Structure formats: structure tokens, C-alpha cells
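Structure, as C-alpha cells:
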Amino acid sequence: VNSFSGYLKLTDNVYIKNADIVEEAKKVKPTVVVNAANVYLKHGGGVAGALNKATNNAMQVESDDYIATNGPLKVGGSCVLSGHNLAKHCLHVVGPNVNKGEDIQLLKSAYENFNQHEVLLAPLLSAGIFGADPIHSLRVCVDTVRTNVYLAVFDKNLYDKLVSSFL
Ligand SMILES: OC1(CNc2ncnc3[nH]ccc23)CCC(F)(F)CC1
Ligand SMILES: [Cl-]
Numbered sequence: 003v004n005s006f007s008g009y010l011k012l013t014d015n016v017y018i019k020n021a022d023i024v025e026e027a028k029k030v031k032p033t034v035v036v037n038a039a040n041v042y043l044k045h046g047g048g049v050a051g052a053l054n055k056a057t058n059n060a061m062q063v064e065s066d067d068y069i070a071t072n073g074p075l076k077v078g079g080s081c082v083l084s085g086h087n088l089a090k091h092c093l094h095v096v097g098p099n100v101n102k103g104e105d106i107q108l109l110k111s112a113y114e115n116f117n118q119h120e121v122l123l124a125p126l127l128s129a130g131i132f133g134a135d136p137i138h139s140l141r142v143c144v145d146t147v148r149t150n151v152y153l154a155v156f157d158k159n160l161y162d163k164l165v166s167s168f169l
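Numbering of the sequence shown is given in the authors' numbering, commencing with residue 3 and proceeding in unit increments.
So, in C-alpha cells, the structure goes:
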């Protein structure tokens with residue numbers, strides 16, 4: 003039993019809610035919140051810009067030190083950093099950005115990172131400003147993640163379409 007509330011159950015391990023992931027994180031304070039990161043951990047917009055803003059830019063400061071030490075992530079890769087005031091940990095995961103020409107096949111590799119964590123609050127990888135089809139992202143999530151994932155979908159219209167079209 004966990005403190006996630008109001009989710010629709012899609013499968014044994016995947017749950018979905020129309021919610022602002024920032025507000026969800028502030029309420030639940032989950033062990034792991036997933037960020038929709040890029041390889042440079044530049045949290046300018048989308049989910050990443052919103053999460054960083056909620057940390058008063060502390061996420062960006064920590065991320066800049068991480069990159070200065072380790073260099074960029076791989077597309078499909080991840081790193082674990084602090085969750086600041088939002089969660090114990092933030093798992094920064096890089097899905098492919100279609101608006102950069104990146105291979106959508108890397109989306110499965112990106113979701114595999116979730117399997118290293120028993121429970122996660124997460125957005126749909128490569129959705130929004132990363133330019134992939136969110137219906138596809140949900141399918142890859144369900145077919146790849148085996149741990150317990152609570153998906154927050156900001157757009158109510160998109161949430162309804164994802165539910166109604168789910169196989
Ligand atoms: O949810 C999407 C990503 N964007 C966010 N998700 C959750 N919380 C957020 N807070 C700020 C941005 C943001 C991905 C699926 C979609 F394409 F259907 C709607 C957008
Ligand atoms: Cl977005």
C-alpha cells in the first residue's frame with residue numbers, strides 16, 4: 003500500500019492520473035520522481051523546467067555540477083540525483099527528442115531505467131515538447147516497465163484519449 007490517490011489502474015503495475023506532476027510530487031513526496039531530462043540536464047521547459055522551478059533552481063545547480071564532473075548523459079540513459087523538496091530522489095531519464103531527430107527506438111531503453119526502482123512517479127517519456135506520440139509512449143511504458151509506475155498526465159484532453167484508446 004502506498005499514498006498515491008485517484009489513479010486509474012491500466013495493468014498489474016501501471017497507473018495513470020490527470021495531474022500536474024509538480025503538484026503530485028509536492029503532495030506524495032514519493033521516493034522517486036522521474037524528470038523528462040535532456041543529455042545536458044538543462045531543465046528549461048516542459049516537465050523538467052516545471053520541476054526545476056519548483057525546487058527554486060536547486061535542481062539546476064546540482065545538475066550543472068553533475069555534468070561538469072561526468073559529462074552528458076546518453077539518449078536512453080539516466081542518472082539519480084536529489085529530489086530536493088519534491089521527492090527523496092529524482093531519476094533524470096533522457097527519452098529521444100523527435101524534434102531533434104533522435105531514434106524513437108531509444109524510448110524502450112529510456113523506460114528500462116524505471117526497472118531499477120520499485121515505485122516511481124513519472125511523466126510519459128518523450129511526450130510533450132520531446133515530440134513523440136504519447137499513445138505510443140504509454141504502450142512502450144506498459145510493455146517495458148515491470149516496477150510500479152504512477153503516470154501523471156498534465157493535459158486533461160490527452161489523459162482522456164490515452165485512457166479511451168488503451169488496449
Ligand atoms: O504529460 C506530458 C508531459 N508534460 C508534463 N507532464 C506532467 N506534469 C507536467 N508538469 C509540467 C509539464 C508536465 C506527456 C504526456 C502528454 F503528452 F499526453 C501530455 C504532456
Ligand atoms: Cl511537455
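All residues carry an ideal CB built from backbone N, CA and C; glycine is no exception.
Suppose you measure from the CA of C143 to the CA of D67; what does that come to, to the nearest Å? Computed Cα separation, rounded: 30 Å.
Is it buried or exposed for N58, if we count other Cβ within 10 angstroms and need 16 for buried? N58 comes out exposed.
Start and end of the alpha helix (DSSP H) containing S80? Counting along the chain, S80 falls outside any alpha helix (DSSP H), though it belongs to the beta strand (DSSP E) covering 80-84.
Can you determine whether any heavy atom of ligand 1 sits closer than 7 Å to the C-beta of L123, and answer yes or no? False, no ligand heavy atom lies under 7 Å from that Cβ.
Let's see if you can read the secondary structure: which residues bound the beta strand (DSSP E) around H94? Start and end: 91-95.
Residues that DSSP places opposite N150 in a beta bridge: For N150, which the question treats as bridged, DSSP gives the partners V121.
Is the Cβ-Cβ distance between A60 and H86 less than 8 Å? Contact: yes.
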